[PDB]
DNA sequence: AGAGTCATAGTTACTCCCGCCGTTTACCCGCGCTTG
DNA sequence: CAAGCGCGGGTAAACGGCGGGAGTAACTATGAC
RNA sequence: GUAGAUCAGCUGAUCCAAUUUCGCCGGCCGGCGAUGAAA
Ligand SMILES: [Zn+2]
Ligand SMILES: [Zn+2]
């Protein structure tokens, strides 16, 4: 009987039909569930607004009633008789009376600075005065870009290609210069707002200790000045402080040091026009360093509002996203009105009046010196614009707040405070007895309210205060999410028809199915459900870009996975989806590295030291990250944060996170905090192929060629290194996994050794690779001999000594200042403990005596104790032996960079042996 | 030295019906100011 | 001074929120084969 | 024909290879600056 009219399914019971409707047909059923609005209950915010307006009207007039109140409130949406009826309530007049009563009220430092200024000025003066070819040019550009500022290259490669900007200088100068030039006409703040907000240590001379404690990310690009971070680092700190104090006294920076070159960055990976970029400014390095100190000082001096959780000593994005999710979940669960309006200010930093800013700083309480410095800096400030390579015409800026400066996000925090103080005192959401009203991150404002009139009043208040400040509200992204519960039917419903106005301009009302992004996280009207995870496209982009395999691996390690880490941590992802995603990652990495499909799982994801590829496993890393980030929510200083942490939704999320992490981790011994690194480590060494890698952990330097020194080796040899390191060479034994139904020809050596053909056998024991082994030994001994000579010693390679026992061939003998060392070199299979092999090699040299005295006499020193036994022992997979490492770095002094390279030689020699075997396979 | 699709249970996000008391406001009833 | 209009008390008859109860379509993990 | 090689039908595509362009100091040859995305 019961049959749907859109999916054409007949269900046994009306319950089935309705539940099917709620999923298969969201929009139409949501419209059907819109409640009638005959006699809506009087929410508290309506009562507060009514009482306040009645009180002010009585104070200015003396008498009031519904007739004039209606005129006072045009958009209240209550009938002239409904208002009169509500007027009869006693607590209402009590609040009216309460509000009425409330209304009843050295030469060298200057020399070096001048040298830097002259160099910058000379640079400024100099500056002012086919498909195959396309791909080659792109390769050159990408390599040069990645060599200098990695983040730029990663963002370009993952997102789009072909220059990125793609819009040239035109379409920017025509679209931005007029805005950057126009002077704002903000009248300033009203005295009412100043009073509402009303609810010295700065400028002191900077000291050496504070600047030293002032951290700096030296991995930064220089500005138009041309002063690179290297020389600035080279300057001693005390002279830095001298110049900083000199500037403090002068209250200004040298003219040329303020000039900045504007650059554009896309808000969206696929910009549709010139207006979707952020015209950031890169000031000179010394100016940024100088302003960081004041940024920290002002951060410590006057903290922002409690609701302000942007650029502070806390993860504002996490708290805001969690709070929004908790609010939405609570509203859905108990069917309570909640209007959430996401607000953004287009040209946010580039729309604030200079005069309003400086005067507000004056009234707020900063010292006159600081306000005057800001005013002077922004009065004569000027900028240059340059996209791609175009020193455009310089521009004089009429609106301040310079994106990229350390002070700008803090100075704008004053305006943020002012506007945050303007919303009505009693509008918000009562989330677990806590009133939450606004969630601010930088400029992105999210206003919450429990009533339509309350939300409209809040919107109008923020609009007018911004207009007074000079800011203008964007209608492109601003939207209002509204949920009206349906009591007597227990149905959640969303409004559709637009009803909110920013200064007469209607807003876009987000429907139920729409997806909108907040802080870069996808949000649905029902809460964070999932991320579309366009990972296939990103992997295709990375694979198609002109990069060597290690470049792609590093990008996937450090820039792609973290980017979607936020979407997944703040989203709701089922571990099956995570497994599919990590399988996709594994397949892509196997393609890039040309590995087969039988390589052990753990190899990809085990951390660098344990010998893995350090490619983060989403399936396990994500639960760990969400547990770590949501554990501290209960202990956050913010009261609303603690209230959210007690929400049912977050509790369930954390429970599932704990279960997953418990399943994919082992408790650490020392810190007792579960770690995923241990899980992959255990799996890798237990694997048949990785069994020989069990010694990597004890020697961190054994694997330095995977991540730090990956730039000194070509792509091809890196791929070969990875192939042999995990034993990916398709030998017959390794080629018969599951196909051992054949005869001995399927397992014997081709060369005729008649023994089992193991990759170790091919690399070490087969006679055909005899000369290969010798040349590998010669190469490694030559390298270590050259380095050890470079460490001020004596060299006599392969001393020909005929001892009583017979003919013995030591690797190298050494002698310095009367002390000599007998160093032996050899490579050994990893199937046995490397240190026992080291001891076995050392016994037959250091425990003979007669050869010890022979080498002592040859070197010319009589005492035998000065001669010591040592063995350079490295497994053919390139894994170090701990005891050998220690003795080599301690008994004889060698810097670690030299020791970092021995595994490279061992690995290259082993693969050369393999390829030689295959070459003379005949 | 391998990388199981598939059967079944658990679950989540809903559904709907019935009934309960509390809440809101369209009528109704006047009084005071204005105009004929 | 009387009729009319705007300003004010009262009433009750439906809305509205929530409790209680009885199911299920569409995923999402494994326990075992 | 490709910086080189390879597979195709002088053109295309893949690679384990692939530093483009402008200005300069200079003698087709050497060196320099740009070709730098926030906190
Ligand atoms: Zn249907
Ligand atoms: Zn053999």
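Residue numbers (the UniProt record's numbering): 111 to 215, 260 to 283, 305 to 374, 385 to 1107. Here a beta-carbon is modelled for each residue, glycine too, at the ideal position from N, C-alpha and C.
- For the stretch 437 to 471, the continuous alpha helix (DSSP H) assignments of 4+ residues that do not extend past its boundaries occur at 440 to 443, in sequence order.
- From the listed residues 193, 144 and 1100, the smallest Cα separation to residue 159 is found for 193.
- These are the residues, in chain order, with a beta carbon less than 5 Å from any non-hydrogen atom of ligand 1: 114, 116, 117 and 134.
- Any heavy atom of ligand 2 within less than 5 Å of a residue's beta carbon puts that residue on the list, which reads 934, 936, 938 and 951.
- In its chain, beyond the 5 residues on either side, 153, 155 and 156 have a beta carbon closer than 6 Å to the beta carbon of residue 636.
- Sorting 272, 307 and 471 by C-alpha distance to the C-alpha of residue 280 places 272 at the top.
- DSSP, read as helix, strand or coil, puts residue 1102 in helix.
- A contact between stretches requires three or more CB pairs, one per stretch, nearer than 8 Å, and the stretch 575 to 591 meets this requirement with the stretch 349 to 367.
- The stretch 941 to 1021 contains, as complete beta strand (DSSP E) runs of 3+ residues, the segments 1005 to 1013 (chain order).
- Contact between residue 1068 and residue 1023 holds, since their C-beta atoms are separated by about 6 Å, short of 8 Å.
- Just so you know, the alpha carbons of residue 878 and residue 870 end up roughly 6 Å apart.
- A straight line joining the alpha-carbon of residue 182 with that of residue 163 spans about 8 Å.
- Residue 349 carries a helical assignment under DSSP once its states are collapsed to helix, strand and coil.
- Residue 746 is classed as buried because its beta carbon has at least 16 other beta carbons within 10 Å across all chains shown.
- Non-local beta-carbon contacts of residue 830 in its own chain, meaning distances under 6 Å to residues more than five positions away in sequence, involve 818 and 819 in chain order.
- Scanning 431, 665, 399 and 725 for the CA closest to the CA of residue 679 turns up 665.
- Within the same chain, and ignoring the five residues on either side of residue 713 in sequence, the residues whose Cβ sits closer than 8 Å to its Cβ are 506, 510, 706, 707, 755, 756 and 757.
- Taking all protein chains shown into account, residue 535 has 16 or more neighbouring C-beta atoms within 10 Å of its C-beta and is therefore buried.
- The beta carbon of residue 693 lies closer than 6 Å to those of 664 in the same chain, with the five residues before and after it left out.
- Judged by DSSP in its simplified three-state form, residue 880 adopts coil rather than helix or strand.
- Apart from the 5 residues on each side of it in sequence, residue 348 sits with its Cβ closer than 8 Å to the Cβ of 570, 577 and 578 in its chain, given in chain order.
- Here residue 720 is near residue 769, since their CB atoms are less than 8 Å apart.
- Counting other Cβ atoms within 10 Å of its Cβ, residue 1104 stays below 16 and is therefore classed as exposed.
- Apart from sequence neighbours up to five positions away, the residues of its chain that approach residue 1089 with a beta-carbon distance below 6 Å are 890, ordered along the chain.
- A residue is called buried when at least 16 other Cβ atoms come within 10 angstroms of its Cβ; residue 116 does not meet this threshold and is exposed.
- Put simply, of 409, 970 and 662 the residue whose alpha carbon is nearest the alpha carbon of residue 700 is 662.
- Under the 8 Å Cβ criterion, the stretch 460 to 468 does not count as touching the stretch 420 to 436, having fewer than three qualifying pairs.
- When the alpha-carbon of residue 681 is set against those of 140, 132, 520 and 119, the nearest one is in 140.
- For the 8 Å CB-CB criterion, residue 834 and residue 613 do not form a contact.
- Burial is judged here by how many other beta carbons sit within 10 angstroms of a residue's own beta carbon; residue 887 has at least 16 and is buried.
- In the DSSP assignment, residue 903 falls within the alpha helix (DSSP H) that extends over 900 to 910.
- Distance from the CA of residue 1063 to the CA of residue 943, rounded to the nearest whole angstrom, comes to 18 Å.
- Restricting attention to 437, 486, 805 and 267, the CA atom closest to the CA of residue 861 is found in 805.
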